[PDB]
Every structure is written in structure tokens, then in C-alpha cells.
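> Sharing my_file05.cif here; it has mmCIF, C-alpha atoms.
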```
data_data
loop_
_atom_site.label_atom_id
_atom_site.label_comp_id
_atom_site.auth_asym_id
_atom_site.auth_seq_id
_atom_site.Cartn_x
_atom_site.Cartn_y
_atom_site.Cartn_z
CA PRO U 1142 -70.99 14.06 -14.84
CA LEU U 1143 -68.25 11.60 -13.94
CA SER U 1144 -68.45 9.01 -11.18
CA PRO U 1145 -65.27 9.02 -9.05
CA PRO U 1146 -63.05 6.00 -8.40
CA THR U 1147 -64.02 3.85 -5.42
CA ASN U 1148 -62.20 1.33 -3.23
CA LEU U 1149 -59.11 3.48 -2.75
CA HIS U 1150 -56.09 1.65 -1.31
CA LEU U 1151 -52.93 3.29 0.01
CA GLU U 1152 -49.79 1.16 0.50
CA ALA U 1153 -46.68 2.83 1.89
CA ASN U 1154 -43.43 0.88 1.89
CA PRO U 1155 -42.02 0.64 5.48
CA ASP U 1156 -38.71 2.12 4.35
CA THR U 1157 -40.63 5.06 2.87
CA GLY U 1158 -40.16 5.59 -0.83
CA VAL U 1159 -42.79 3.73 -2.82
CA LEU U 1160 -46.43 4.49 -1.98
CA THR U 1161 -48.79 2.49 -4.18
CA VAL U 1162 -52.20 4.06 -4.88
CA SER U 1163 -54.87 1.68 -6.18
CA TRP U 1164 -58.57 2.10 -6.89
CA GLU U 1165 -61.65 0.57 -8.43
CA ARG U 1166 -62.20 2.24 -11.79
CA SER U 1167 -65.00 4.80 -12.38
CA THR U 1168 -68.27 3.35 -13.70
CA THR U 1169 -68.61 6.21 -16.21
CA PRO U 1170 -67.64 5.13 -19.73
CA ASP U 1171 -65.71 7.23 -22.26
CA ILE U 1172 -63.33 8.92 -19.82
CA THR U 1173 -59.68 9.77 -20.63
CA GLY U 1174 -57.70 9.06 -17.46
CA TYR U 1175 -57.15 9.57 -13.75
CA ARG U 1176 -55.23 12.22 -11.84
CA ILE U 1177 -53.75 11.54 -8.40
CA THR U 1178 -52.33 13.96 -5.82
CA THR U 1179 -50.37 13.71 -2.54
CA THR U 1180 -50.31 16.61 -0.09
CA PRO U 1181 -49.20 17.04 3.57
CA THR U 1182 -52.31 16.87 5.75
CA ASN U 1183 -53.82 20.03 7.29
CA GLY U 1184 -51.53 22.19 5.16
CA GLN U 1185 -47.85 21.86 6.02
CA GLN U 1186 -44.43 21.88 4.36
CA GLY U 1187 -43.73 18.60 2.64
CA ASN U 1188 -43.82 17.14 -0.85
CA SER U 1189 -47.17 17.82 -2.55
CA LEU U 1190 -47.03 15.81 -5.77
CA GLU U 1191 -49.32 14.76 -8.61
CA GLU U 1192 -49.42 11.97 -11.17
CA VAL U 1193 -51.65 11.08 -14.14
CA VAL U 1194 -52.58 7.66 -15.54
CA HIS U 1195 -54.67 6.33 -18.45
CA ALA U 1196 -58.28 5.21 -18.30
CA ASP U 1197 -57.31 1.54 -18.46
CA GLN U 1198 -54.86 2.02 -15.57
CA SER U 1199 -56.05 1.69 -11.97
CA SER U 1200 -52.85 2.23 -9.97
CA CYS U 1201 -49.95 4.66 -9.63
CA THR U 1202 -46.91 4.93 -7.36
CA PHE U 1203 -45.45 7.90 -5.48
CA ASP U 1204 -41.85 6.81 -4.98
CA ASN U 1205 -40.87 10.15 -3.44
CA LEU U 1206 -42.69 10.85 -0.17
CA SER U 1207 -41.37 12.15 3.15
CA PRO U 1208 -41.32 9.35 5.81
CA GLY U 1209 -43.13 9.75 9.12
CA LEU U 1210 -45.35 12.55 7.80
CA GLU U 1211 -49.06 12.57 6.94
CA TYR U 1212 -50.33 12.91 3.37
CA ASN U 1213 -53.81 13.11 1.85
CA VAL U 1214 -54.14 11.23 -1.41
CA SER U 1215 -56.91 12.10 -3.86
CA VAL U 1216 -57.77 10.38 -7.12
CA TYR U 1217 -60.04 11.99 -9.71
CA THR U 1218 -61.76 10.48 -12.75
CA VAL U 1219 -60.87 12.64 -15.78
CA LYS U 1220 -62.54 13.14 -19.19
CA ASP U 1221 -60.76 15.82 -21.18
CA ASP U 1222 -61.24 19.05 -19.23
CA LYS U 1223 -63.76 17.61 -16.73
CA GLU U 1224 -63.19 15.76 -13.44
CA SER U 1225 -65.22 13.96 -10.82
CA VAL U 1226 -65.15 14.74 -7.12
CA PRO U 1227 -62.12 12.92 -5.69
CA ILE U 1228 -61.86 9.85 -3.52
CA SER U 1229 -59.42 10.94 -0.81
CA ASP U 1230 -57.76 9.18 2.11
CA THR U 1231 -54.83 9.99 4.38
CA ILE U 1232 -51.68 7.99 5.23
CA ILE U 1233 -48.57 8.48 7.38
CA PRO U 1234 -45.70 6.61 5.72
CA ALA U 1235 -43.63 4.46 8.09
CA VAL U 1236 -40.32 5.66 9.50
CA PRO U 1237 -37.35 4.08 7.69
CA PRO U 1238 -35.43 1.76 9.98
CA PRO U 1239 -31.63 1.77 9.93
CA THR U 1240 -29.81 -1.19 8.36
CA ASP U 1241 -26.39 -2.84 8.27
CA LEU U 1242 -26.02 -4.04 11.90
CA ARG U 1243 -22.34 -4.85 12.54
CA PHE U 1244 -20.92 -6.11 15.84
CA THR U 1245 -17.26 -5.33 16.58
CA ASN U 1246 -14.91 -5.01 19.59
CA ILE U 1247 -16.42 -8.05 21.34
CA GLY U 1248 -15.13 -8.41 24.87
CA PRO U 1249 -16.25 -10.55 27.81
CA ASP U 1250 -18.43 -7.71 29.09
CA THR U 1251 -18.69 -5.33 26.14
CA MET U 1252 -19.46 -4.98 22.41
CA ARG U 1253 -19.68 -2.15 19.87
CA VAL U 1254 -22.82 -2.16 17.73
CA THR U 1255 -22.83 -0.16 14.47
CA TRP U 1256 -25.63 0.58 11.99
CA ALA U 1257 -26.33 2.45 8.76
CA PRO U 1258 -28.91 5.15 9.47
CA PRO U 1259 -31.83 5.76 7.04
CA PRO U 1260 -30.69 8.01 4.17
CA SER U 1261 -31.92 11.57 3.65
CA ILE U 1262 -33.87 11.84 6.94
CA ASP U 1263 -33.40 13.99 10.03
CA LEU U 1264 -34.31 11.54 12.80
CA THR U 1265 -35.03 12.65 16.32
CA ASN U 1266 -32.65 9.95 17.65
CA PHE U 1267 -32.14 6.17 17.63
CA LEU U 1268 -33.47 3.78 20.22
CA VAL U 1269 -31.25 0.86 21.22
CA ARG U 1270 -32.79 -2.04 23.11
CA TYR U 1271 -30.84 -5.10 24.17
CA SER U 1272 -31.14 -8.06 26.53
CA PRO U 1273 -29.75 -11.55 27.12
CA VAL U 1274 -31.29 -14.07 24.72
CA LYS U 1275 -32.21 -16.30 27.68
CA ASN U 1276 -33.27 -13.32 29.83
CA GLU U 1277 -35.68 -11.45 27.55
CA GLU U 1278 -37.41 -9.45 30.30
CA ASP U 1279 -34.03 -8.14 31.46
CA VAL U 1280 -33.93 -5.46 28.78
CA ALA U 1281 -32.17 -2.09 28.80
CA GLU U 1282 -32.92 0.93 26.62
CA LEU U 1283 -30.72 3.72 25.25
CA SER U 1284 -31.55 6.84 23.24
CA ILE U 1285 -28.76 7.70 20.80
CA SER U 1286 -27.94 11.01 19.11
CA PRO U 1287 -29.25 10.97 15.54
CA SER U 1288 -25.71 11.96 14.52
CA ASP U 1289 -24.28 8.71 15.88
CA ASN U 1290 -24.25 5.25 14.28
CA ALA U 1291 -22.89 3.20 17.14
CA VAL U 1292 -23.27 2.24 20.78
CA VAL U 1293 -20.67 0.52 22.97
CA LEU U 1294 -22.55 -1.73 25.36
CA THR U 1295 -20.81 -2.29 28.69
CA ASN U 1296 -21.15 -4.21 31.96
CA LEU U 1297 -22.40 -7.26 30.09
CA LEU U 1298 -22.28 -10.87 31.33
CA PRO U 1299 -19.41 -12.94 29.75
CA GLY U 1300 -20.15 -15.78 27.34
CA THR U 1301 -23.73 -14.57 27.12
CA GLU U 1302 -25.72 -14.14 23.91
CA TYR U 1303 -27.51 -10.80 23.69
CA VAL U 1304 -30.27 -9.66 21.35
CA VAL U 1305 -29.65 -6.11 20.15
CA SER U 1306 -32.05 -3.91 18.18
CA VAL U 1307 -31.72 -0.32 16.97
CA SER U 1308 -34.80 1.70 15.98
CA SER U 1309 -35.04 5.05 14.19
CA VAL U 1310 -37.31 7.67 15.73
CA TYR U 1311 -39.06 10.80 14.44
CA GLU U 1312 -41.28 12.70 16.87
CA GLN U 1313 -43.42 9.79 18.11
CA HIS U 1314 -42.84 7.53 15.15
CA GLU U 1315 -40.46 4.64 15.74
CA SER U 1316 -39.47 2.33 12.86
CA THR U 1317 -39.13 -1.46 12.73
CA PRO U 1318 -36.17 -2.51 14.85
CA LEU U 1319 -32.91 -3.38 13.16
CA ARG U 1320 -32.20 -6.59 15.07
CA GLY U 1321 -29.23 -8.91 15.55
CA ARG U 1322 -27.65 -11.29 18.11
CA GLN U 1323 -24.12 -11.43 19.51
CA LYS U 1324 -22.48 -13.44 22.26
CA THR U 1325 -19.96 -11.82 24.59
CA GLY U 1326 -16.54 -13.38 24.96
CA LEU U 1327 -15.25 -15.62 27.71
CA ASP U 1328 -13.74 -14.04 30.81
CA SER U 1329 -10.31 -15.22 31.88
CA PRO U 1330 -9.75 -17.56 34.82
CA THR U 1331 -8.15 -15.75 37.75
CA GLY U 1332 -5.95 -16.24 40.79
CA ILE U 1333 -3.25 -18.50 39.33
CA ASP U 1334 -1.62 -20.17 42.31
CA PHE U 1335 1.08 -22.87 42.66
CA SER U 1336 1.62 -25.67 45.25
CA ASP U 1337 3.34 -29.08 45.71
CA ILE U 1338 6.53 -27.61 44.27
CA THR U 1339 9.32 -30.14 43.79
CA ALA U 1340 12.45 -30.43 41.66
CA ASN U 1341 10.60 -31.79 38.67
CA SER U 1342 6.99 -30.73 39.18
CA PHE U 1343 4.39 -28.44 40.76
CA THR U 1344 0.62 -28.09 40.91
CA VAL U 1345 -1.08 -25.14 39.19
CA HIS U 1346 -4.44 -23.83 40.45
CA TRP U 1347 -6.80 -21.20 39.01
CA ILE U 1348 -10.28 -19.81 39.60
CA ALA U 1349 -13.04 -20.56 37.10
CA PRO U 1350 -14.48 -17.68 35.03
CA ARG U 1351 -18.14 -16.55 35.19
CA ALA U 1352 -18.87 -17.68 31.62
CA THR U 1353 -19.86 -21.22 30.72
CA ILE U 1354 -16.83 -23.15 29.44
CA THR U 1355 -15.99 -26.72 28.51
CA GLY U 1356 -12.37 -26.81 29.61
CA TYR U 1357 -9.02 -25.06 29.75
CA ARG U 1358 -5.77 -25.14 27.85
CA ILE U 1359 -2.74 -24.83 30.11
CA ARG U 1360 0.62 -24.12 28.50
CA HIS U 1361 4.03 -23.98 30.18
CA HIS U 1362 7.64 -23.33 29.23
CA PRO U 1363 11.01 -22.21 30.66
CA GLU U 1364 12.86 -19.12 29.33
CA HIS U 1365 14.50 -21.03 26.47
CA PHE U 1366 13.12 -24.06 24.67
CA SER U 1367 13.55 -25.54 21.20
CA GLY U 1368 10.09 -26.28 19.77
CA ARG U 1369 6.40 -26.18 20.69
CA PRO U 1370 5.58 -25.49 24.38
CA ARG U 1371 3.91 -28.46 26.07
CA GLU U 1372 0.17 -28.04 26.62
CA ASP U 1373 -2.62 -29.76 28.53
CA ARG U 1374 -6.35 -29.76 27.67
CA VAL U 1375 -8.65 -30.46 30.61
CA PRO U 1376 -12.44 -30.58 31.21
CA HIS U 1377 -14.33 -27.68 32.82
CA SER U 1378 -14.48 -29.73 36.02
CA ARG U 1379 -10.75 -29.15 36.62
CA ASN U 1380 -9.27 -26.14 38.45
CA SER U 1381 -5.72 -27.42 38.94
CA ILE U 1382 -3.08 -29.53 37.23
CA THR U 1383 0.22 -31.03 38.38
CA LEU U 1384 2.87 -30.43 35.72
CA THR U 1385 5.49 -33.18 35.67
CA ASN U 1386 8.90 -33.91 34.12
CA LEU U 1387 10.07 -30.39 34.79
CA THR U 1388 13.79 -29.64 35.00
CA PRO U 1389 15.20 -28.78 38.49
CA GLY U 1390 15.66 -25.18 39.56
CA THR U 1391 13.85 -23.88 36.51
CA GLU U 1392 11.49 -20.94 36.10
CA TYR U 1393 8.31 -21.72 34.17
CA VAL U 1394 5.79 -19.40 32.55
CA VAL U 1395 2.32 -20.96 32.84
CA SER U 1396 -0.62 -19.71 30.77
CA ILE U 1397 -4.23 -20.82 31.08
CA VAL U 1398 -7.16 -19.93 28.85
CA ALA U 1399 -10.73 -21.02 29.38
CA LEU U 1400 -12.33 -22.56 26.31
CA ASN U 1401 -15.83 -23.18 24.99
CA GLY U 1402 -15.81 -24.89 21.65
CA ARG U 1403 -13.57 -22.84 19.39
CA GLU U 1404 -14.03 -19.91 21.83
CA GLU U 1405 -11.08 -18.88 23.97
CA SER U 1406 -10.74 -16.40 26.80
CA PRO U 1407 -7.84 -14.04 27.30
CA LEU U 1408 -4.81 -15.52 29.11
CA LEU U 1409 -4.30 -15.93 32.85
CA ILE U 1410 -0.52 -15.93 33.19
CA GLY U 1411 1.98 -16.73 35.93
CA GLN U 1412 5.53 -17.93 36.61
CA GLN U 1413 6.88 -20.59 38.96
CA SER U 1414 10.34 -22.04 39.50
CA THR U 1415 10.96 -25.66 40.44
CA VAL U 1416 13.04 -26.35 43.53
CA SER U 1417 16.73 -27.00 42.90
CA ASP U 1418 17.86 -30.51 43.83
CA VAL U 1419 21.53 -29.47 43.82
CA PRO U 1420 23.48 -29.31 47.10
CA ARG U 1421 24.98 -25.97 48.07
CA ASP U 1422 27.70 -24.19 50.01
CA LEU U 1423 30.01 -27.20 49.79
CA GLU U 1424 33.15 -26.38 51.75
CA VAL U 1425 36.02 -27.75 53.81
CA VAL U 1426 35.26 -27.49 57.55
CA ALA U 1427 38.35 -29.23 58.96
CA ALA U 1428 41.56 -30.63 57.41
CA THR U 1429 44.71 -32.66 58.11
CA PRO U 1430 47.80 -33.42 55.95
CA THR U 1431 45.95 -36.39 54.45
CA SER U 1432 42.28 -35.49 54.86
CA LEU U 1433 39.48 -32.96 54.51
CA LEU U 1434 36.22 -32.78 56.45
CA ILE U 1435 33.69 -31.42 53.98
CA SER U 1436 30.27 -29.95 54.61
CA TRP U 1437 27.41 -28.75 52.40
CA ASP U 1438 23.78 -27.69 52.66
CA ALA U 1439 21.17 -30.23 51.66
CA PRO U 1440 18.91 -29.14 48.83
CA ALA U 1441 15.22 -28.54 49.59
CA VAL U 1442 14.31 -32.06 48.38
CA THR U 1443 14.51 -35.58 49.79
CA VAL U 1444 17.93 -37.02 49.02
CA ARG U 1445 18.31 -40.79 49.26
CA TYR U 1446 22.09 -40.43 49.59
CA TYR U 1447 24.88 -38.17 48.35
CA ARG U 1448 27.67 -39.22 46.00
CA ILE U 1449 31.04 -37.59 46.69
CA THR U 1450 33.90 -37.77 44.17
CA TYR U 1451 37.42 -36.49 44.56
CA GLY U 1452 40.46 -36.41 42.36
CA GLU U 1453 43.50 -34.21 41.81
CA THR U 1454 42.44 -30.96 40.16
CA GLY U 1455 43.25 -31.17 36.47
CA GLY U 1456 44.42 -34.73 37.02
CA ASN U 1457 42.19 -36.16 34.26
CA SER U 1458 42.53 -39.67 35.80
CA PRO U 1459 39.56 -41.58 37.33
CA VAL U 1460 37.98 -39.88 40.36
CA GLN U 1461 37.41 -41.87 43.54
CA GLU U 1462 33.99 -41.86 45.14
CA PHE U 1463 31.80 -43.05 48.00
CA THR U 1464 28.36 -42.25 49.37
CA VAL U 1465 26.83 -40.54 52.39
CA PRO U 1466 23.27 -41.15 53.68
CA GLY U 1467 20.72 -38.55 52.66
CA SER U 1468 20.25 -37.62 56.30
CA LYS U 1469 23.81 -36.31 56.66
CA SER U 1470 25.59 -33.35 55.06
CA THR U 1471 29.14 -33.99 56.27
CA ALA U 1472 31.95 -36.27 55.14
CA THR U 1473 35.61 -36.99 55.69
CA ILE U 1474 37.90 -37.74 52.77
CA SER U 1475 40.88 -39.66 54.13
CA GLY U 1476 44.26 -40.61 52.72
CA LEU U 1477 44.64 -37.57 50.49
CA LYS U 1478 48.07 -36.25 49.51
CA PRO U 1479 49.49 -32.82 50.47
CA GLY U 1480 50.66 -30.49 47.73
CA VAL U 1481 47.85 -31.97 45.67
CA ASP U 1482 44.94 -29.77 44.63
CA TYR U 1483 41.78 -31.90 44.96
CA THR U 1484 38.48 -31.25 43.19
CA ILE U 1485 35.66 -32.44 45.47
CA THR U 1486 32.19 -32.95 44.00
CA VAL U 1487 28.89 -33.83 45.69
CA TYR U 1488 25.64 -35.02 44.03
CA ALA U 1489 22.23 -35.49 45.61
CA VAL U 1490 20.87 -38.87 44.56
CA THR U 1491 17.09 -38.71 44.80
CA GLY U 1492 16.09 -41.57 42.52
CA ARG U 1493 16.36 -45.32 42.92
CA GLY U 1494 16.85 -48.53 40.98
CA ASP U 1495 19.98 -49.23 38.93
CA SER U 1496 19.99 -45.73 37.47
CA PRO U 1497 19.06 -43.40 40.35
CA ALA U 1498 18.08 -39.83 39.53
CA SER U 1499 20.86 -37.55 40.66
CA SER U 1500 21.04 -33.79 40.87
CA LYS U 1501 23.57 -31.79 38.90
CA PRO U 1502 26.94 -31.57 40.73
CA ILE U 1503 28.41 -28.93 42.98
CA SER U 1504 32.15 -28.95 43.59
CA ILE U 1505 35.15 -26.99 44.81
CA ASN U 1506 38.93 -27.25 44.46
CA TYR U 1507 40.94 -27.42 47.67
CA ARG U 1508 44.06 -25.43 48.49
CA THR U 1509 46.48 -27.91 50.11
#
```
How does the structure come out when it is put into C-alpha cells?

Amino acid sequence: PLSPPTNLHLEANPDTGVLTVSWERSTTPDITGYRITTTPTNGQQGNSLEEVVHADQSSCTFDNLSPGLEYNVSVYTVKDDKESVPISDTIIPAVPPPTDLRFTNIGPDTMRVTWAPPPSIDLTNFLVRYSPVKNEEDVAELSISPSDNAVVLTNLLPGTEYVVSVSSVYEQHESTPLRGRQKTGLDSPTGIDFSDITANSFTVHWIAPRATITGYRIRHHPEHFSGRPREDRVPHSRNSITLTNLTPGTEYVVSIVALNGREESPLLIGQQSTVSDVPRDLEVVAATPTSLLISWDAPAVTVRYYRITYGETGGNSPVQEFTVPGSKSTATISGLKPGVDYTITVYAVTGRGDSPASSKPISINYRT
């Protein structure tokens, strides 16, 4: 008779395909080979196969089994037309896990996770598990249709790294998890608000985002400007900035993004106009044959004094001028000449020194 093989070893590749069968050779000399068989346990529909090796060979592979199913493997010692009793053992190949984990559509509180499902297998479903890297025990689970290859996670914490794993499932059998990490984006700062508005400046305020950031990049500009908009880069400790050197009575678009390294958040945008430093409603209140009592409305800024100029309309010759204290918005222009159209101009001088900052002019032409 023939002594059967002993020390049977069954090795099924996780991603079911190759199943290596190994054994200690028979102790009977003069035999001609070994025959191996794989059959679904208890008698079921699957892939019952067979393979034959030489006497000197002690291993064969079954690179064609059905994952997550049980098989009984038997190896027989063969000598021509005779065979030994077999050495049998049963194995359930592992469920193939999915592969190719891609993260797309990354938002501050959401992300789309895609995978490549195991080929040629009718899974029961997929099992997605995810949690914050620094909050492992805070895990959530999702069962996905076996016909789907993606999951859009939602209601996530901004600027937070999450661990995401997708597992294939068949009946009870779950595969190894297809794992990967992905950080959510930064949420935008909110509640842009402006204060301390002047003729050439204003303070911008904003509310910090939930995510951890290192600073902000504020950018501002009026409707039309030649080159690159002026920007400011501040530390995360700042929640306001006073923009200076702005032009009077000008509308500015201010944008703020939170930053963290090369990471940026979406924009928080707003608009704010600077106060106009130009006087208004300049007019002639009273008048005589050689004078005009003019009046105007002070601009919403502190004027040191006003500069009034007057000269014959279209005269082209030097204008005459004098000042008025900032506290008063009235003036009398004496010694004029009748039958002489006079262009009267008023400027709000707000600066000091030898070259005081003055507003743009406002004038009228008088009918006399």
C-alpha cells in the first residue's frame, strides 16, 4: 500500500486567488506523483478543482478559488493506478478587500471617499469606518450598497485629520480594511465688521474659524486699481486690522482667508467705503453788489481749517484765497465786482505742517 502525505499546510492569499498546498512527502518509495483536490465543504456549488504533481514535488497552487467560501483540500500519494488514503483539511479563503482609496471633494466639513471594489465577487455590501485621527474612539460606521464605490462623509470637523477605512463584506466575512487618512479643509472666518472709519482708513474685524490656523491674509481694493491688490498677513492671534492710506470717499472690497501653512480657507468677503473729507452743499446764502456770504456743510471729518478761493469764472488769472477755522462753515467774500461771474471753491484742510493734507475741492459759479 501507499503511505499518504503528512504535514498538510493550506495557505490562502488574503485577496483570494492563490492557495498554496504543501505537504511532507509520502514515506513509500517508488511512487509516481501526487494528486490534489479542492471542493466546497459539505457539498455546495463552488469550484471543485484538481491538480497533479510529480513525486519529487511537494507543493501545488490553486490560483482559482472562490473567496469567502469553504473548501476541503485532499492530497493523495499516487503510484500508477493506485492511491493512498488522502490527507484532507478545510480552509475558508479570505474575503478580498477593495483597493485604490481616493479622496476628492474635500471641504471644511465633508469629503468624498472612493475605492475600487474586489473584482469578480458579489459582496454583501461595504463597511465604511472613520474617525478623527486624534479622537480614535469617536468612530462612525456606514454600510454601503455593494453596487457603490463611494461615500460622501458629512458633518465633519474643519481642519481635522480623519482616518477612513472601507471593508468588503460577504455574509459574515469582512476583509482587511482599505485604510487612508485625509484632513478636512479650513472653515472661513465669519462676521466681517468695520469700525473706526475715517477718510483714509478703517478697522476690519472678523470671527475666527473653528479649525486650527496660523494666521490670516487680508486683501483690499477699490473698484479700479492698476496692479496687485495690497495684502496683509497676520498671526492667528489677530481678529482685526486697521487699513491705512486709503483714498477718501472710496468703496473697498475686503477679503480675508484663514491660513494654516499652505492651507487656505474659503473667502470671507465684505465692502466698506471711507468717509469723504470733501465739503458739501456749498452755496451763496446772502449777497450784496460787492460781496457773497457763502455756506457749506462740513464733511464728516475733523477739519483744521477751510481754504476758500475765488476768481472770475473762466478768468484764468490767479485766484484769491483766505482761510476759515475748521469750526465754522460760513464765510463772506468782500470787494467782489458785479457783472462778474465768480467761481468759489472750498477745501477742507485736515493735515498740518508745511504741506497740510487737504480734501478735494467743491466749488460753484455765482450768477451776479
> Smallest atom-to-atom distance to residue 1474 of chain U: which of U:1161, U:1209, U:1429, U:1439, using all atoms listed in the file?
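Smallest separation from residue 1474 of chain U among the options: U:1429.
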> Suppose a student applies the PyMOL selection byres ((chain U and resi 1262) around 9) to this structure; what residues should they get, written as a list in words?
residues 1207, 1208, 1237, 1258, 1259, 1260, 1261, 1263 and 1264 of chain U
> At a cut-off of 10 Å, using only C-alpha atoms, what residues contact segment 1401-1413 of chain U? Leave out same-chain residues fewer than 4 positions from it and give the result as a PyMOL selection string.
chain U and resi 1248-1249+1299-1300+1326-1336+1338+1343-1345+1347-1348+1350+1352-1363+1377+1390-1397
> Could you spell out the hits of the PyMOL selection byres ((chain U and resi 1314) around 8) on the shown file, as a list in words?
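Checking the PyMOL selection byres ((chain U and resi 1314) around 8) against this file, the residues are residues 1209, 1235, 1236, 1310, 1311, 1312, 1313, 1315 and 1316 of chain U.
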> Once the PyMOL selection byres ((chain U and resi 1447-1452) around 7) is applied to the coordinates I shared, what remains selected? I want it as a list in words.
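Residues picked by the PyMOL selection byres ((chain U and resi 1447-1452) around 7): residues 1446, 1453, 1454, 1456, 1460, 1461, 1462, 1463, 1464, 1465, 1466, 1467, 1483, 1484, 1485, 1486, 1487, 1488, 1489 and 1490 of chain U.
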